[PDB]
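Chemist: First the structure, then my questions, so here it is.
Number of protein chains: 4
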Amino acid sequence: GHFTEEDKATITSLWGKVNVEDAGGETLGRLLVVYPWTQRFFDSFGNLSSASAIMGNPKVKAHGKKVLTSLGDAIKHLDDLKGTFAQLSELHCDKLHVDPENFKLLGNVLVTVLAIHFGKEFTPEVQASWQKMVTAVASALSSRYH
Amino acid sequence: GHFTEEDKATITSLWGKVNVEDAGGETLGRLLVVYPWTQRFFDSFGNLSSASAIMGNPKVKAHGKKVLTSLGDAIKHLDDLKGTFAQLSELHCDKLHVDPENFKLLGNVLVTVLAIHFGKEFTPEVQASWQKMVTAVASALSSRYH
Amino acid sequence: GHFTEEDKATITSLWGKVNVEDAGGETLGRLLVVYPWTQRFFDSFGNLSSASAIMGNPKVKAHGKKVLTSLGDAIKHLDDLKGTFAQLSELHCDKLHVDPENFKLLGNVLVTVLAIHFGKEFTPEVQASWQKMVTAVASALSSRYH
Amino acid sequence: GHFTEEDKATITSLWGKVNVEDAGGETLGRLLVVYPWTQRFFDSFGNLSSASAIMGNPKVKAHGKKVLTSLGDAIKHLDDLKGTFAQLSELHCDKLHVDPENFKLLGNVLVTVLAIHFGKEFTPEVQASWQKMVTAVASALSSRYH
Ligand code: HEM
Ligand code: HEM
Ligand code: HEM
Ligand code: HEM
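Residue numbers (PDB author numbering), protein chains in the order written: chain B, 1 to 146; chain A, 1 to 146; chain A', 1 to 146; chain B', 1 to 146. A prime marks a further copy of an entry chain.
Here is the structure:
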């Protein structure tokens with residue numbers, strides 16, 4: 001893969017406008033609602049039997065903040081996402097056994113959340129740059145499986 | 001599959017607020033820009049060499065409207081989508097050789113467009129209902145392949 | 001979907017030459033080794049820390065037999081697989097939260113086992129018929145999710 | 001990703017036993033039969049309306065030889081598949097617009113062909129190493145899309 005100058009500017013600029021205290025909870029909660037099977041990894045977070053219980057769960061909100069903060073840090077290292085996520089790859093693959101397909105699923109739900117918050121600013125080109133980011137993150141986090 | 005009565009209500013209600021004349025071209029054009037390989041099915045549609053050419057292309061806008069008007073008719077048959085799409089399955093599978101993976105891709109681009117147009121109104125539960133609709137439509141259209 | 005009379009004949013004839021007592025453990029064990037993340041669904045099955053432990057594990061062999069005996073019964077109902085697998089869909093979706101992508105994965109590991117056991121006899125046309133069967137079984141088992 | 005010493009030895013040793021004058025035609029032909037949509041890229045090869053016509057087509061056999069010869073060369077460069085396939089990535093993505101999902105589809109059909117020819121020698125571990133190879137090749141060839 002390869003980010004263009006335009007890709008980097010679009011990723012960096014849009015991300016600077018995200019609130020990583022609500023976006024993270026919103027993204028992980030939406031993943032858990034829309035694709036229910038993912039709840040299996042988070043049986044320690046409490047009751048996730050309904051949308052309201054998930055979107056209102058403080059451990060979901062707290063953990064989504066970690067997720068997006070680590071992604072925000074990675075956006076400082078676009079040309080080296082493999083190395084930047086090496087340690088989290090080890091955690092997610094070797095220790096938690098998260099299905100590699102889930103990384104792209106979460107990335108697509110972040111794209112949905114960006115489209116909700118930014119609307120018409122999320123043009124096809126802007127979405128293309130973010131789809132490249134989703135793919136790249138998923139590859140970096142599944143590296144230990146490959 | 002199975003649509004709950006709440007899935008049907010969501011699907012029909014949100015669709016009634018969709019302007020097909022705008023959403024059609026916006027959905028097909030977004031698919032062509034974001035996932036460029038799909039342009040190979042539309043060589044006769046003329047200039048697709050840049051995002052601005054795709055989003056300005058009269059044939060892309062006219063075709064997207066056909067697509068979304070076909071999906072509007074399908075929403076009147078939610079609990080018989082395979083029978084509803086039998087003719088278009090034959091067209092897309094036996095005659096055009098569309099990759100079944102692309103039906104899922106276009107339905108995901110429509111989810112993105114709905115998120116852009118409705119923002120917050122596109123809640124996690126509303127997205128779940130539409131995610132089941134995209135899957136159901138993909139399955140119905142690739143039925144000739146199965 | 002749709003099974004041709006030649007798909008049914010292929011499926012039933014090749015299956016009649018399959019030894020389930022061997023193929024069962026061989027298929028589940030291959031899935032656990034090749035796609036290690038799926039081991040997380042089988043923590044109670046004991047030692048799955050190495051390929052030799054998985055392929056020697058008595059619980060994996062006993063479970064694989066259940067799996068393949070379930071698929072043998074399904075082959076007697078090829079043109080009603082969704083109804084046939086309704087109970088196991090509820091089990092795998094509502095109770096175990098299996099990722100629908102893993103049903104496709106296991107059916108692909110079975111294709112590999114059939115290729116190993118039958119060699120040349122597993123022609124391109126015979127594989128096509130079995131590829132439709134894996135897809136049909138995945139769709140039927142993930143039906144609760146749709 | 002990362003090949004282990006064991007991965008490299010397994011890939012290199014099994015590949016040294018493949019016949020790249022028949023395996024290539026067998027792999028591309030099987031892809032065209034099993035997953036019909038792929039035939040769309042090869043409308044220049046002649047009649048592909050049936051298994052017999054595909055498996056007997058001299059242009060299929062001739063082109064599959066190219067495919068596997070380029071893969072054989074890549075197996076000399078396991079630690080640098082991105083650079084080794086850079087030029088073919090440009091051809092397949094920028095010029096032919098091949099769907100990225102097809103690269104993994106072809107890789108899985110090569111795995112089926114290896115299982116047919118090598119049988120019990122294709123153990124779960126041996127298949128794991130080859131699945132890692134399939135993923136890595138698909139990533140290298142789709143790089144221009146990412
Ligand atoms: C954008 C991709 C993702 C990133 C950046 C990410 C990041 C993180 C981080 C930073 C942690 C915390 C580790 C610590 O606290 O030391 C974590 C834990 C975890 N992640 Fe992820 N993650 C990602 C995707 C996923 C996906 C797709 C899954 C499964 C669907 C997943 C499941 C988990 C689990 C089960 C934990 C342990 C949490 C606990 O102990 O309660 N993650 N992740
Ligand atoms: C939401 C899924 C889809 C639906 C509901 C849909 C619906 C339609 C309909 C109704 C037509 C007929 C147009 C007319 O009568 O002139 C059509 C034509 C076509 N569709 Fe789709 N389609 C879908 C997905 C796809 C995808 C994923 C592709 C491939 C990237 C595709 C490629 C085509 C092509 C090439 C035509 C013929 C266009 C022309 O040259 O006239 N469709 N589709
Ligand atoms: C070819 C697709 C599959 C079929 C036909 C199938 C069939 C079965 C059947 C018949 C049982 C019941 C066993 C008994 O009565 O004791 C079962 C249990 C189960 N299956 Fe599947 N299954 C399939 C795919 C999967 C996949 C992809 C996974 C996840 C990696 C999975 C995870 C499980 C689990 C965790 C159990 C419960 C086992 C235990 O703890 O007792 N299955 N399956
Ligand atoms: C293991 C992965 C693959 C490799 C190593 C590979 C390699 C090659 C090579 C060496 C060529 C010849 C270029 C030349 O003659 O200068 C080629 C051409 C081509 N490939 Fe691939 N390929 C791969 C996968 C694919 C897939 C998945 C598709 C689509 C399903 C595809 C479609 C094509 C087409 C359409 C051509 C042009 C052939 C013609 O002009 O008639 N390839 N490939």
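Even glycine gets a Cβ: it sits at the ideal position worked out from N, Cα and C.
1. Do we get a CB-CB distance below 8 Å when we pair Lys95(B) with the residues of chain B'?
2. Report the residues of the stretch 11 to 41 of chain B with a CB closer than 7 Å to any CB of chain A', ordered along the chain.
3. So, is the C-beta of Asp99(A') closer than 8 Å to a C-beta in chain B?
4. Starting from the beta carbon of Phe122(B), find every residue of chain A whose beta carbon is closer than 7 Å, and list them in chain order.
5. So does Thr38(B') have its beta carbon nearer than 7 Å to some heavy atom of ligand 2?
6. For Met133(B'), tell me which candidate among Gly119(B'), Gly16(B'), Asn108(B') and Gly29(B') has the shortest Cα-Cα distance.
7. Could you pull the start and end residues of the alpha helix (DSSP H) that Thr123(A) belongs to?
8. For chain B', check one thing: does any of its Cβ atoms lie closer than 8 Å to the Cβ of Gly119(A')?
9. With a threshold of 7 Å (Cβ to nearest heavy atom), would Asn108(B) be considered close to ligand 1?
10. Shortest alpha-carbon distance to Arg40(A) belongs to which of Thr69(B'), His63(B'), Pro58(B') and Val98(B')?
11. Would you report the Cα separation of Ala86(A) and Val126(B'), rounded to the nearest angstrom?
12. For the stretch 22 to 41 of chain A against the stretch 111 to 128 of chain B, do three or more pairs of beta-carbon atoms, one drawn from each stretch, fall closer than 8 Å, so that the two count as touching?
13. In this structure, does DSSP put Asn47(A') in helix, strand or coil?
14. Given 8 Å as the limit, is there contact between the stretch 74 to 86 of chain A and the stretch 7 to 21 of chain A, that is, 3 or more CB pairs closer than that?
15. Using a C-beta cutoff of 8 Å, does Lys132(B') count as contacting chain B?
16. How would you list, in chain order, the residues of chain A whose beta-carbon sits under 8 Å from the beta-carbon of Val111(B)?
17. List in chain order: all unbroken alpha helix (DSSP H) runs of 4+ residues lying wholly within the stretch 52 to 83 of chain A.
18. Identify each residue in the stretch 76 to 87 of chain B' for which the Cβ-Cβ distance to at least one residue of chain A' is less than 8 Å, and report them in chain order.
19. Verify the contact flag: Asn102(B'), CB atom, against every heavy atom of ligand 2, threshold strictly below 7 Å.
20. Among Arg144(B), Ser142(B) and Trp130(B), which residue has its Cα nearest to the Cα of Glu6(B)?
21. Which residues in chain B' have a C-beta closer than 9 Å to the C-beta of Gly1(B)? List them in chain order.
22. For the putative contact between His146(A') and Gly1(A), defined by C-beta atoms under 8 Å, what is the C-beta separation to the nearest angstrom?
23. Does the Cβ of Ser52(A) lie closer than 7 Å to at least one heavy atom of ligand 3?
24. When you compare only the Cα positions, how much space is there between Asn47(B) and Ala62(B)?
25. Could you run through the stretch 43 to 73 of chain B' and flag, in chain order, every residue whose CB is less than 8 Å away from some CB of chain B?
26. Give a yes or no on whether the C-beta atoms belonging to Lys65(B') and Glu21(B') are separated by under 8 Å.
27. Just tell me which of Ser143(A'), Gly56(A'), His117(A') and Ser142(A') has its CA closest to the CA of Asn19(A').
28. Mind checking whether the beta-carbon of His63(A') lies closer than 7 Å to any heavy atom of ligand 3?
29. Can you give me the C-alpha to C-alpha distance between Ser70(B) and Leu141(B), rounded to a whole angstrom?
30. Can the beta-carbon of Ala23(B') be found less than 8 Å from the beta-carbon of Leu88(B')?
31. By the DSSP assignment, the alpha helix (DSSP H) with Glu26(A') in it spans what residues?
32. Within 10 angstroms of the Cβ of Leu96(B), are there 16 or more other Cβ atoms? Answer buried if so, exposed if not.
33. For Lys8(B'), collect the residues of the same chain with a Cβ closer than 7 Å to its Cβ; drop the 5 residues on either side in sequence, then sort them by chain order.
34. Tell me whether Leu96(A) sits in a helix, a strand or coil according to DSSP, three-state version.
35. Examine chain A for any beta-carbon lying closer than 8 Å to the beta-carbon of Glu5(B), and answer yes or no.
36. Kindly list, in the order they appear in chain B, the residues whose Cβ is closer than 9 Å to that of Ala9(A).
Modeler: Quick answer:
1. Not one chain B' Cβ lies under 8 Å of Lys95(B).
2. Residues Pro36, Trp37, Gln39 and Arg40.
3. So, interface residue.
4. Here the neighbours are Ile116.
5. No, Cβ of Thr38(B') sits at least 7 Å from all heavy atoms of ligand 2.
6. Nearest option by C-alpha distance: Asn108(B').
7. Per DSSP, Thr123(A) belongs to no alpha helix (DSSP H) and is neither H nor E.
8. Yes, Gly119(A') lies at the interface with chain B' (some Cβ there is under 8 Å from its Cβ).
9. Result no, Cβ not under 7 Å from ligand 1.
10. Of all alpha-carbon atoms in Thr69(B'), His63(B'), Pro58(B') and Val98(B'), the one lying nearest the alpha-carbon of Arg40(A) is that of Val98(B').
11. One C-alpha to the other measures close to 42 Å.
12. Yes, the stretch 22 to 41 of chain A touches the stretch 111 to 128 of chain B.
13. For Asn47(A'), the three-state secondary structure derived from DSSP is coil.
14. Of all C-beta pairs linking the stretch 74 to 86 of chain A to the stretch 7 to 21 of chain A, three or more are shorter than 8 Å, placing the two stretches in contact.
15. Interface residue, yes.
16. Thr112, listed in chain order.
17. Inside the stretch 52 to 83 of chain A, DSSP marks whole alpha helix (DSSP H) runs of 4 or more residues at positions 58 to 74, from first to last along the chain.
18. Answer set for the stretch 76 to 87 of chain B': empty.
19. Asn102(B'): no, Cβ never under 7 Å from ligand 2.
20. Relative to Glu6(B), the option among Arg144(B), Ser142(B) and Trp130(B) whose CA is nearest is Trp130(B).
21. Chain-order list of chain B' residues neighbouring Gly1(B): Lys82, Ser139, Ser142, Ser143, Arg144, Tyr145 and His146, by C-beta distance under 9 Å.
22. In this structure, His146(A') and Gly1(A) form a Cβ contact; the two beta carbons are roughly 4 Å apart against a cut-off of 8 Å.
23. No, the Cβ of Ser52(A) stays beyond 7 Å of every heavy atom of ligand 3.
24. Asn47(B) and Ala62(B) have their C-alpha atoms some 15 Å from each other.
25. Listed by position along the chain: nothing, the set is empty.
26. Yes; because the gap between Cβ atoms is below 8 Å, this pair is in contact.
27. Taking only the C-alpha atoms, the option nearest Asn19(A') is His117(A').
28. Flag set: Cβ of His63(A') near ligand 3.
29. Our two residues, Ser70(B) and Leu141(B), have alpha carbons roughly 12 Å apart in a direct line.
30. Inclusion of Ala23(B') and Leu88(B') in the CB contact set at 8 Å is not warranted, their separation being larger than that value.
31. In this chain, the alpha helix (DSSP H) harbouring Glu26(A') covers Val20 to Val34.
32. It is exposed - the Cβ of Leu96(B) has fewer than 16 other Cβ atoms within 10 Å.
33. Excluding residues within five positions, the ones whose Cβ falls inside 7 Å are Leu78.
34. When secondary structure is reduced to three states using DSSP, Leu96(A) falls in the coil class, being assigned neither helix nor strand.
35. Chain A contact via Cβ: absent.
36. Simply none; closest approach about 15 Å.
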